[PDB]
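J.: Fold the following for me, if possible:
(chains A, B, C, D, E, F and G, ligands or ions: 2)
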Amino acid sequence: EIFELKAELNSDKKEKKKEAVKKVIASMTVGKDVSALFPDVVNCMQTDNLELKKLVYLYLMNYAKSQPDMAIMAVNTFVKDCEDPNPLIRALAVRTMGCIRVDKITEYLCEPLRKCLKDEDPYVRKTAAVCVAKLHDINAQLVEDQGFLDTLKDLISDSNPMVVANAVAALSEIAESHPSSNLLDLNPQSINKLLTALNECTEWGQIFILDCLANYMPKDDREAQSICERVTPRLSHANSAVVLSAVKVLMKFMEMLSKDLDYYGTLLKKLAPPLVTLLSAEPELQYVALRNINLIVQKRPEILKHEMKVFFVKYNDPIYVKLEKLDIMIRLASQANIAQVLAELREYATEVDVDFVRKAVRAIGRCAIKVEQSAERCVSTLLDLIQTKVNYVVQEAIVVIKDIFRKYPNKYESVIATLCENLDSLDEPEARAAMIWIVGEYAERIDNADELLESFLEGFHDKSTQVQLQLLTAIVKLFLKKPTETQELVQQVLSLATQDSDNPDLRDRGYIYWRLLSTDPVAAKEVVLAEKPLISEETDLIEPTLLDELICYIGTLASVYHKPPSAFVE
Amino acid sequence: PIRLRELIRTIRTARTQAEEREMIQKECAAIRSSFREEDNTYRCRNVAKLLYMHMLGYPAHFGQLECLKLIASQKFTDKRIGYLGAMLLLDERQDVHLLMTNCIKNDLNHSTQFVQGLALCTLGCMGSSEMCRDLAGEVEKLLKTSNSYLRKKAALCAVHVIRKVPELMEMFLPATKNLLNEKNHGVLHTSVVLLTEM
Amino acid sequence: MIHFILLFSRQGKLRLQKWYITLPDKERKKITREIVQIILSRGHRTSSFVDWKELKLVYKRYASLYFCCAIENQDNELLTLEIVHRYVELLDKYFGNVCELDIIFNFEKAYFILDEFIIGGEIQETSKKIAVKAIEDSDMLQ
Amino acid sequence: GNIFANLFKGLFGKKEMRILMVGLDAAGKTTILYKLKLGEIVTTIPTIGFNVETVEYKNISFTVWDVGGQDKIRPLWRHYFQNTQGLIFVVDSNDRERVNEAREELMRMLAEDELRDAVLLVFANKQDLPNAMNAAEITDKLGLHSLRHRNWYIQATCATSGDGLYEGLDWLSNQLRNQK
Amino acid sequence: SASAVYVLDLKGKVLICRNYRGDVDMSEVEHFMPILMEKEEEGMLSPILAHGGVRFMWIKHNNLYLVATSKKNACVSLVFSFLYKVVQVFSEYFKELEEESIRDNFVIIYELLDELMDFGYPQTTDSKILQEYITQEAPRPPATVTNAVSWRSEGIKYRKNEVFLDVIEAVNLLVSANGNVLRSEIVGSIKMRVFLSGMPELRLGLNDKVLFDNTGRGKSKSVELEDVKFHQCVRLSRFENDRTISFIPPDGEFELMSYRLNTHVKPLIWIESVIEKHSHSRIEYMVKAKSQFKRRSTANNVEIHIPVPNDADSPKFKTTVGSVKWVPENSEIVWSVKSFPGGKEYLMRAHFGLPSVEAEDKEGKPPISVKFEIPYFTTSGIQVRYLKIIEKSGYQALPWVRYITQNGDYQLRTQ
Amino acid sequence: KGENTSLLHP
Amino acid sequence: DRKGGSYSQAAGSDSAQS
Ligand SMILES: Nc1nc2c(ncn2[C@@H]2O[C@H](COP(=O)(O)OP(=O)(O)OP(=O)(O)O)[C@@H](O)[C@H]2O)c(=O)[nH]1
Ligand SMILES: [Mg+2]
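T.: Numbers count the residues shown, from 1 in each chain, chains lettered A, B, ... in the order given. Ligands and ions are numbered 1, 2, ... in the order given. Let me share the structure:
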């Protein structure tokens, strides 16, 4: 096997050498450690056949870090191949030189890189630009010593739009890792030159060209107007990533645009069709499009005001897309499409995703809390869902009712009777505690509040700390409101939570309640049963400082995770 | 009448999990169609395929009445298949074993030693809180017999009943008296286990 | 008594399953998945004994397909291994050079043998020839 | 296609038919089934489950599945409705207190949308004591004439002797079979 | 900014991997499978995984997961675009996407992976262009990639200049269970199969609402496409200036333009379904289909999928027109019709039994979807005006195009 | 394969 | 013939718009 392969590779027949190379490639792909034969393949490296040269280069790149010492026998071959008349061989050699992760190997490759920097072949120019970026990433100090920054800067001002885009991408990557010192920013002339080559760049070249504009900060409206006019055609590209980059560039430029001018209105009108087109993309890019819409939603929410039908999740939509659709609908919820949102949420509650059902319940509750005009409709939907006889749905409806009561309890007295008997046997801590809190705060429209609390007092000492605290608060409120039918209940609760309750916070709360009861029952109404102020809901909008930074970071990993760019990298 | 071996080979030929689920559903459709027709000839093959599918992780709620119908059958293969189905897909929380009490009682006095042993093993494996109440009398009757191959089964049934019904142990005190001279190792082991459980 | 006995393969496929405890189907599936994950994530020098959920989860596979047992904390541990070895020997004698392919094909026979060997988690046949003779006689009945 | 084989089979008798056995416990259902199948009154314990048997008469195999009348077994009659074409009801005229319960059970079972093609087959069991009612008083009490789209026939059979069983079988054959 | 794009298999085995930056160890692929299993078993599975500080973005292919690991905050959209381009290239080069070809053409696969992208920056994406430098059965790279025209190879000669266009219509209807249609969007598709000599520059002209309004002819039937996306060969500047559709057509079948706008017209097919499902006794399928399309048009290969019960068995079909077959694999009844003339009304009455034992868990209510496809029908009314075929040498072109109307996201919510 | 191998190899 | 609508000849430009 290994010995036979070595003997075959140490022969003078090209027919057996090709078969040996193919077998070695298959073994490495099959998961075989063929790095022990790396020195043997070194001798059979300088071959006229192009097929074996690529395999040898791939083996060396994959067997370079494993055997760095044995890689010293490949500099001469690379130097010889760096001047081959065939452009493909030169491009392959340039790619392989940068792929070798050898500290002592990149030192001797500077001369070939300098020679190929002025390569006439546009593919050769792109390969040299990639090799320079790889060398700078491997050794920034070596790249600075070689003085390749000037050559990379001069590359953008030459012919070959693909090579120009590659050089711009390499410069951006180098500046991305750089400490912002000696930045490669260019004046309006460079931006105009790049825009002139934007219509000639390839699908990949368009992204590289638009990435440079993401760093430039416009200072004049005329320049911003021209940039917006040039980026407007980018919205009609079949490449979704190019569309995303163009949208990010337009959003970044909109931070300096004047709302008085008509350019902003035209840009807003031309952005909605692009969002609609992006929303119907592949499932992999659907999540990216949703994340981009959510990030840009908090900046200019008036653009997608009329885009509501497309926000509905499809039957074959993925779980991640279904989850994002609900968030998009919640962010874009308005009183105009309140009925449509309620109908979609009602349809979304009949699915089989338990997580999907919980997300739908949370979205319905958020929509009801945000808009008080549909509070009655939300209450009716919650009552219907509770009548749906769904355990998870029942808990979700109980939680939604408890949340709604604390927010808009002025006209919530008509649902206590319906919720008084709604199968209270559920033991969910999030639902039982919410029901107890609702009963305690709303202990006026129910004539059998004491009887209902009796069933929950059987295991109060071992139910839960939050549940125990909520039950104690409800008992105290009931005693303060109606003490004739709950005079013994308050004493029993105090005895159970003060003597048999070992919780420190619960014990302290029980002691405070007992002291208040024994001090002045009249003052307890104004102290315990007081009118709480308006509840400040947690704003889901991101901070304005973070929103502006996320605007520049469009299409990167930080947009999907909704985290700062420095808060997610290692 | 697709044999269990053919179904196993077909399942082994499936690659994708979705493909396996589709094949399982395709077989279950034919199984349900055969069951709805009240088929009695190839019922053993359908029962085996359903048991294999249930072990594979597919729903088998519809294949409960067929097991009950086959349990009260007369063929030995059908009786074995029904006993296996009751032991596997029948449970106390299932609630479908309530009707099986009459079948167990009918098979409790069967002359064949294989049907009675299979029924005793099934009752022990699926001992319920209510089945043992109506089956405690029959267990004690077989405990005083001289069948060596059945003494161990009777002891196991008594132990299972005692574990399921701790209040029924009072009826087993006089049944196990004077049983320490059993020559067979199985009967002696069963008696020792019953005494330890008591 | 043995709460459950399940024959699972190395890749995770289960070739046998016999639980003596009445549990919900979803709960039983979750317990089986957890047991497979624990066994599949265990080394060869773990002693083949696990106290999972206060249950003596004993795993000892003599081939690619593994075997598991779940007994309460009231008896010795080596007894379970001896019983498993005896059951494997009886199955091999009944079949003859038992392999993984024949185990799937002889699932009904394997279930019948397990029922005739151990009932309710307790040992039912102490001898090895009496059980084999009884199984052969039952099979010959038709 | 050809149906020559079906005609050849039917030349000597091919139709089999089915039957059901429902009613309250201790209503003579087990004894009646034993008499129909064997021809003797066999003493049996209460039917915890059910009894399944077949009887060959008039070239028709009338399969009979006994169903108990236990409180826990009362709601189990829906399982036997599947693949069921006939049904025989056994009444207990000697239980005045249980007569209302039996009537309510019959009404509940008769209110199933799946059981529509099965005609009424009422068997007057315990027709040996002086307290037993006639063939019309029981029907009037049960309101058999108010069963729309139900072909009901009242027959009185004595469990000890067996008189009237042949008449009931002939009536069932005439109601089910519509040929010469 | 993916660190390495790899091709996995359904059992977790990596069919092929190719590092581009080297910032991530190749051993991280082993932890991808357990993470995916945990996410799927907990519902947290997403295409972009995350193993600590390295994100493992993968997409589900025909048989393997195209996992592309990355370490920094690279362009996720760029990675997705590169993966889509690679998938298209593989489909063009390999007719099948399975393990049979992954392990069969690795010699050319390694070269294609090396040439496509370098250092995380994709460089080559033209499948036809890539086929001129990388073949499985090498010369210098073509000048077309270096030249501006990377979508029209020069020097191509053909005996005839025939281009086959395709007016593909996508009828997507979202009818709720209440009977109202919520999402009714029609997506146009102008795909042409160009086979000519040279590098012709197509000059497309159609009956667009915006173009007619600009020219002053905004009074006839003109299509007002909400979203119009040109292909790569389409010049953005010409369309932005005066809606001038001038671009160099590629060699072969390609998608030039794809209209996308909402529809305010009645559905082509009106399907009314009834469910007389007895409580564990039987079920009724009162399915009524009304063809709202023009009577002169026929819907060929109409397959109205009606979801039957999950545990339903012994079905009986009482229909009027069209064959009905119950497929247990899909767990639904397909109202199959060979040809459905416009205005037809087919009535069906399904009837099957149900097991006595109730199901332990619910199965949901999947929407009813039809597979109608009526060609030679233009519901949107957009009419192609002219296609400016100009060649430097000069030739008489004979373009061809066909209008096909099919059923897209035409789902009907169940009751 | 590994499945045709004997469980105990006896 | 061909399913999906027969191929039809197309013009070169809008002759009515000059
Ligand atoms: N003496 C006498 N008793 C009868 C007669 N007919 C019915 N019975 C009583 O009815 C009971 C019915 O017993 P079976 O027929 O064996 O069983 P069943 O009718 O299905 O009743 P269950 O098993 O309890 O559901 C008997 O125990 C008798 O006491 C009869 O003609 N004479
Ligand atoms: Mg009886």
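J.: make it CA atoms for all contacts and neighbour counts henceforth
T.: Will do.
J.: What is the burial count for residue A:30?
T.: Using other CA atoms under 10 Å in any protein chain shown as the criterion, residue A:30 is surrounded by 14 other residues.
J.: what do you get for residue E:227?
T.: Neighbours of residue E:227 using other CA under 10 Å come to 23.
J.: Now it: phi and psi?
T.: As for residue E:227, its main-chain torsions (degrees, to the nearest 10) stand at phi -130, psi 120.
J.: for the nearest residue to it once chain neighbours are set aside, which residues make a bridge with it?
T.: Leaving aside its sequence neighbours, residue E:227 sits nearest to residue E:260 (CA to CA, 6 or more residues apart in numbering or on different chains; 4.5 Å). As for beta bridges, residue E:260 partners with residue E:187, residue E:227 under DSSP bridges.
J.: May I have the residues that are in contact with residue E:260?
T.: When contacts are counted by CA atoms under 8 Å, 6 or more residues apart in numbering or on different chains, residue E:260 is found next to A:277, E:185, E:186, E:187, E:188, E:225, E:226, E:227, E:228.
J.: so which strand or helix has the residue of chain D found nearest chain C?
T.: Proximity of chain D to chain C (CA to the nearest CA) peaks at residue D:72, 21.1 Å away. Residue D:72 belongs to no helix or strand when assigned by DSSP states H and E.
J.: do the same with the one 5 residues further on
T.: For residue D:77, the host element (DSSP H and E) is helix D:77-80.
J.: Tell me the helix or strand right after that helix.
T.: strand D:88-92.
J.: what's the most distant pair in the contacts of residue E:260?
T.: E:185 and E:228 (13.6 Å; CA to CA).
J.: Show me the contact partners of the helix holding residue D:77.
T.: Outside of helix D:77-80, the residues within contact range by CA under 8 Å, 6+ apart are B:65, D:22, D:67, D:109, E:356, E:357.
J.: Next, residue 3: secondary structure please.
T.: Went with chain A since none was named. helix (DSSP: H, G, I helix; E, B strand; the rest coil).
J.: um, chain C though
T.: Applying three-state DSSP: residue C:3 is strand.
J.: picking that back up, could you rank the contacts of helix D:77-80 by neighbour count and give me the top one?
T.: Busiest of these [other CA under 10 Å] is residue D:67, holding 27 neighbours.
J.: Count residues in the vicinity of residue E:278, would you?
T.: Neighbours of residue E:278 (other CA under 10 Å): 14.
J.: Check residue A:108 too.
T.: Quick note: residue A:108 (other CA under 10 Å) scores 13 neighbours.
J.: could you list every residue that touches it?
T.: Counting by CA under 8 Å, 6+ apart, residue A:108 has contacts residue A:75.
J.: Let me know whether my guess that residue F:8 is in a helix holds.
T.: No: counting by three-state DSSP, residue F:8 is not found in a helix; it is coil.
J.: so after the helix or strand hosting residue A:250, what's the next helix or strand?
T.: Element membership of residue A:250 [criterion: DSSP H and E] is helix A:240-254. Sequence order places helix A:262-279 as the next helix or strand after helix A:240-254, per DSSP H and E.
J.: which secondary structure elements does that next one contact?
T.: helix A:240-254, helix A:283-297, strand E:227-230 (3 or more CA pairs under 8 Å, 6 or more residues apart in numbering or on different chains; DSSP states H and E).
J.: Counting neighbours, which bits of the helix or strand following the shortest one end up buried?
T.: Next in sequence after strand E:227-230, counting helices and strands by DSSP H and E, comes helix E:236-242. Of the residues in helix E:236-242, E:236, E:237, E:240 count as buried by neighbour count, 16 or more other CA atoms under 10 Å in any protein chain shown.
J.: And stretch E:37-50, by the same measure?
T.: E:43, E:45, E:46, E:47, E:48, E:49, E:50.
J.: Can you tell me the closest non-neighbouring residue to residue D:70?
T.: residue D:25 (6.1 Å).
J.: Go ahead and confirm the one you found touches residue D:69.
T.: Yes: between residue D:25 and residue D:69 there is a contact under CA atoms under 8 Å: 4.4 Å.
J.: Of those two, give the one with the bigger neighbour count.
T.: residue D:69 (24 against 21).
J.: on that earlier part again, pick the most deeply packed of the helices and strands packed on helix A:262-279.
T.: helix A:240-254 (a mean of 25; mean count of other CA atoms under 10 Å in any protein chain shown).
J.: CA atoms only: put that helix into PDB for me.
T.: Extracted in PDB, the C-alpha atoms of helix A:240-254 (Å, rounded to 0.1, in the frame of the first residue of the first chain):
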ATOM      1  CA  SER A 240     -29.300  39.000  -3.900                       C
ATOM      2  CA  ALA A 241     -26.100  39.800  -2.100                       C
ATOM      3  CA  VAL A 242     -25.400  42.700  -4.600                       C
ATOM      4  CA  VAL A 243     -29.000  43.900  -3.800                       C
ATOM      5  CA  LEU A 244     -28.300  43.600  -0.100                       C
ATOM      6  CA  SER A 245     -25.000  45.600  -0.400                       C
ATOM      7  CA  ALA A 246     -26.700  48.300  -2.500                       C
ATOM      8  CA  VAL A 247     -29.500  48.500   0.100                       C
ATOM      9  CA  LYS A 248     -26.900  48.900   2.900                       C
ATOM     10  CA  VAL A 249     -25.100  51.500   0.900                       C
ATOM     11  CA  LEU A 250     -28.300  53.400   0.300                       C
ATOM     12  CA  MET A 251     -29.200  53.300   4.000                       C
ATOM     13  CA  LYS A 252     -25.800  54.500   5.000                       C
ATOM     14  CA  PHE A 253     -26.000  57.400   2.600                       C
ATOM     15  CA  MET A 254     -29.500  58.200   3.900                       C
END
